[PDB]
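Participant: Right, I'll just put the structure down here and ask away after.
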Amino acid sequence: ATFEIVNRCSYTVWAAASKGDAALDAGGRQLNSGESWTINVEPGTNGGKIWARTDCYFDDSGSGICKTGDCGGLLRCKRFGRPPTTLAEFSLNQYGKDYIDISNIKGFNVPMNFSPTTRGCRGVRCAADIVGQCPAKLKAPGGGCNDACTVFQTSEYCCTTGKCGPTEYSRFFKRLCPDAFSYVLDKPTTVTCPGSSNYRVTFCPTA
């Protein structure tokens with residue numbers, strides 16, 4: 001499957017793509033404002049994620065640090081990134097269907113649209129000013145708005161026992177972005193697409 005990753009933000013981001021134990025395609029790349037990066041993702045890929053990283057510094061060896069979404073200090077991510085990270089999540093070719101969603105379960109750093117470029121389903125978007133409106137206790141100094149599990153590490157926020165309800169903090173993310181997961185047991189906002197669809201992930205879709 002083909003994913004085109006487009007940075008419409010006015011600032012540089014470092015895109016990342018991983019399935020947790022391996023990179024997807026090159027795993028990461030710098031995207032200046034307006035740049036597009038096309039990657040190929042193997043059919044059948046389960047649990048893939050794409051995200052943006054902000055304020056990164058890398059040396060010639062591709063080692064460094066980012067203020068949001070850092071994946072063990074690598075330009076080319078093999079594993080998932082450090083919150084806060086708005087997440088585009090996908091599982092491909094699962095019994096004939098693709099499943100896509102956007103998640104704020106690991107917080108929010110950059111607004112995002114995640115849409116198919118082929119026919120058969122709708123896209124999803126989280127483009128509200130979540131960083132600007134972020135509750136004081138969830139604000140990340142490096143930038144971004146953390147989720148409550150990352151900040152407080154309780155069974156209720158992290159849904160450790162498999163039973164948890166919405167919280168004041170999850171309702172904040174849900175109020176601003178109804179179409180994104182706001183906590184682990186949120187009513188699913190997953191979209192079902194035809195198997196082997198192609199996609200575009202746009203950072204800062206309105207700006």
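A note on labels: chains of the structure tokens are A, B, ... as shown, every chain counts residues from 1, and ligands are counted from 1 in their shown order.
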Would you kindly return, as JSON, numbers by chain, each protein, DNA or RNA residue with an atom no farther than 9 Å from any atom of segment 61-77 of chain A, considering only C-alpha atoms and excluding same-chain residues fewer than 6 positions away?

Facilitator: {"A": [14, 15, 16, 17, 18, 22, 23, 24, 26, 27, 28, 29, 30, 51, 52, 53, 54, 55, 83, 84, 85, 86, 109, 140, 141, 142, 143, 144]}

Participant: Could you find all residues in segment 7-201 of chain A that DSSP calls strand (DSSP E or B) from the backbone, and write them as a PyMOL selection string?

Facilitator: chain A and resi 7+13-18+23-31+36-40+48-58+63-68+74+87-94+97-103+108+112-116+124-126+139+145+180-181+191-194+199-201

Participant: Output C-alpha atoms of each residue in that selection to a file, as a compact mmCIF listing (two decimals), in the first residue's frame.

Facilitator:
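Result file is part-v6.txt:
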# COMPACT_ATOMS: atom_id res chain seq x y z
CA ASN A 7 3.70 18.48 5.69
CA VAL A 13 8.57 18.19 10.97
CA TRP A 14 10.34 14.89 11.01
CA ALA A 15 7.87 12.23 9.93
CA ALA A 16 8.09 8.74 11.39
CA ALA A 17 6.58 5.40 10.42
CA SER A 18 6.90 2.21 12.47
CA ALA A 23 10.60 0.65 10.66
CA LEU A 24 8.07 1.03 7.87
CA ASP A 25 9.92 1.93 4.67
CA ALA A 26 12.83 4.20 5.68
CA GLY A 27 11.28 4.79 9.11
CA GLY A 28 11.68 8.57 9.11
CA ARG A 29 12.54 11.66 7.14
CA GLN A 30 12.73 15.42 7.43
CA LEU A 31 9.80 17.23 5.79
CA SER A 36 5.74 15.20 0.54
CA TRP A 37 7.21 11.79 1.25
CA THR A 38 5.79 8.65 -0.33
CA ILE A 39 6.30 5.34 1.43
CA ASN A 40 5.39 1.77 0.68
CA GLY A 48 1.40 0.48 11.97
CA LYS A 49 1.63 4.10 13.08
CA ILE A 50 2.69 7.36 11.46
CA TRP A 51 3.43 10.52 13.45
CA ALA A 52 5.28 13.80 13.32
CA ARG A 53 8.23 14.80 15.47
CA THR A 54 9.05 18.41 16.25
CA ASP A 55 12.22 20.36 17.05
CA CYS A 56 14.71 17.66 16.15
CA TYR A 57 18.48 17.77 15.91
CA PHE A 58 20.32 15.01 14.09
CA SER A 63 21.37 10.19 15.72
CA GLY A 64 19.99 13.01 17.84
CA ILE A 65 16.92 14.14 19.76
CA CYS A 66 13.41 15.54 19.17
CA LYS A 67 11.20 17.45 21.61
CA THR A 68 8.09 15.48 20.70
CA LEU A 74 17.04 7.92 15.70
CA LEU A 87 -1.11 9.13 15.92
CA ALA A 88 -2.31 7.88 12.54
CA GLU A 89 -2.93 4.16 13.12
CA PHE A 90 -3.62 1.41 10.63
CA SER A 91 -3.91 -2.30 10.13
CA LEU A 92 -3.96 -3.47 6.54
CA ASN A 93 -5.56 -6.45 4.80
CA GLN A 94 -7.26 -7.88 7.86
CA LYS A 97 -10.45 -4.88 5.06
CA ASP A 98 -8.17 -2.01 6.08
CA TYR A 99 -8.77 -0.26 9.42
CA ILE A 100 -7.65 3.32 10.06
CA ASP A 101 -7.98 5.80 12.88
CA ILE A 102 -6.46 8.81 14.54
CA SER A 103 -5.64 8.54 18.23
CA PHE A 108 -1.28 15.49 20.71
CA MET A 112 -3.49 15.76 11.27
CA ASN A 113 -5.77 14.51 8.51
CA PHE A 114 -5.69 10.81 7.56
CA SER A 115 -7.64 10.06 4.36
CA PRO A 116 -7.77 7.38 1.68
CA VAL A 124 -10.69 11.31 9.71
CA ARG A 125 -9.18 14.50 11.09
CA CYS A 126 -8.02 16.07 14.33
CA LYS A 139 1.09 20.77 29.00
CA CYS A 145 -0.34 18.23 25.15
CA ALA A 180 -10.07 10.58 17.45
CA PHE A 181 -9.68 8.05 20.28
CA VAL A 191 -12.91 3.60 9.76
CA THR A 192 -13.21 0.47 7.64
CA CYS A 193 -11.79 0.74 4.12
CA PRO A 194 -11.44 -1.76 1.28
CA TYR A 199 -3.70 6.84 1.88
CA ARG A 200 -2.52 10.36 2.55
CA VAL A 201 -1.49 11.70 5.94

Participant: May I have the residues within 10 Å of residue 163 of chain A as a PyMOL selection string, using only C-alpha atoms and disregarding those fewer than 4 positions away in the same chain?

Facilitator: chain A and resi 155-156+158-159+184-185

Participant: For the structure I just gave you, how does DSSP split segment 19-204 of chain A - specifically, which residues are alpha helix (DSSP H)? Reply as a PyMOL selection string.

Facilitator: chain A and resi 130-133+148-152+155-158+168-176

Participant: Deliver the residues from the most recent selection as a file, using N, CA and C atoms, as a short mmCIF file (atom, residue, chain, number, x, y, z; two decimals), in the first residue's frame.

Facilitator:
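part-v4.cif, freshly written:
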data_model
loop_
_atom_site.label_atom_id
_atom_site.label_comp_id
_atom_site.auth_asym_id
_atom_site.auth_seq_id
_atom_site.Cartn_x
_atom_site.Cartn_y
_atom_site.Cartn_z
N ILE A 130 -5.39 21.96 20.00
CA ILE A 130 -5.31 21.23 21.25
C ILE A 130 -4.14 21.72 22.10
N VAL A 131 -3.04 22.13 21.48
CA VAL A 131 -1.91 22.59 22.27
C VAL A 131 -2.24 23.92 22.95
N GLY A 132 -2.91 24.81 22.22
CA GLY A 132 -3.27 26.11 22.77
C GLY A 132 -4.24 26.01 23.93
N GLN A 133 -5.15 25.04 23.86
CA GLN A 133 -6.22 24.92 24.86
C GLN A 133 -5.87 23.92 25.98
N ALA A 148 -3.33 11.92 29.92
CA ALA A 148 -3.32 11.79 31.37
C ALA A 148 -2.60 10.54 31.86
N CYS A 149 -2.59 9.48 31.05
CA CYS A 149 -1.87 8.27 31.47
C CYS A 149 -0.37 8.55 31.54
N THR A 150 0.17 9.17 30.50
CA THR A 150 1.57 9.54 30.50
C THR A 150 1.94 10.40 31.70
N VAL A 151 1.09 11.37 32.04
CA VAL A 151 1.39 12.29 33.13
C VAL A 151 1.25 11.66 34.53
N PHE A 152 0.14 10.97 34.76
CA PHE A 152 -0.22 10.57 36.13
C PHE A 152 0.00 9.09 36.45
N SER A 155 -4.10 3.54 37.21
CA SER A 155 -4.89 2.50 36.56
C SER A 155 -6.07 3.07 35.78
N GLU A 156 -6.69 4.12 36.30
CA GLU A 156 -7.86 4.68 35.64
C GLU A 156 -7.49 5.36 34.31
N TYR A 157 -6.44 6.18 34.30
CA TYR A 157 -6.08 6.87 33.06
C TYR A 157 -5.47 5.91 32.04
N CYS A 158 -4.73 4.91 32.52
CA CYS A 158 -4.04 3.99 31.61
C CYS A 158 -4.89 2.77 31.29
N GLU A 168 -12.00 13.69 33.12
CA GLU A 168 -12.02 15.10 32.77
C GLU A 168 -11.01 15.34 31.66
N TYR A 169 -9.88 14.66 31.75
CA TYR A 169 -8.83 14.85 30.76
C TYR A 169 -9.17 14.24 29.40
N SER A 170 -9.74 13.04 29.40
CA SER A 170 -10.08 12.43 28.12
C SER A 170 -11.17 13.24 27.44
N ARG A 171 -12.10 13.78 28.23
CA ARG A 171 -13.21 14.55 27.65
C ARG A 171 -12.73 15.82 26.98
N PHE A 172 -11.60 16.35 27.43
CA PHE A 172 -10.98 17.51 26.79
C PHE A 172 -10.58 17.17 25.36
N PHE A 173 -9.83 16.08 25.20
CA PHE A 173 -9.42 15.68 23.85
C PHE A 173 -10.65 15.37 22.99
N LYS A 174 -11.66 14.75 23.59
CA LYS A 174 -12.84 14.32 22.84
C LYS A 174 -13.68 15.52 22.40
N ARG A 175 -13.73 16.55 23.24
CA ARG A 175 -14.51 17.75 22.92
C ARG A 175 -13.93 18.45 21.70
N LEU A 176 -12.60 18.51 21.62
CA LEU A 176 -11.94 19.20 20.51
C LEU A 176 -11.79 18.34 19.26
#

Participant: Quick one: residues within 8 Å of residue 127 of chain A, only C-alpha atoms, excluding same-chain residues fewer than 3 positions away - as an MDAnalysis selection string?

Facilitator: chainID A and resid 111:113 177 204:206

Participant: Mind pulling up the distance from atom CA of residue 121 of chain A to atom CA of residue 1 of chain A?

Facilitator: 15.5 Å

Participant: Taking only C-alpha atoms into account, name the residue in A:5, A:79, A:60, A:35 that is nearest to residue 20 of chain A.

Facilitator: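 Under the stated criterion, the closest residue is A:79.
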
Participant: In Å, with one decimal, what is the gap from atom CA of residue 10 of chain A to atom CA of residue 110 of chain A?

Facilitator: 11.5 Å
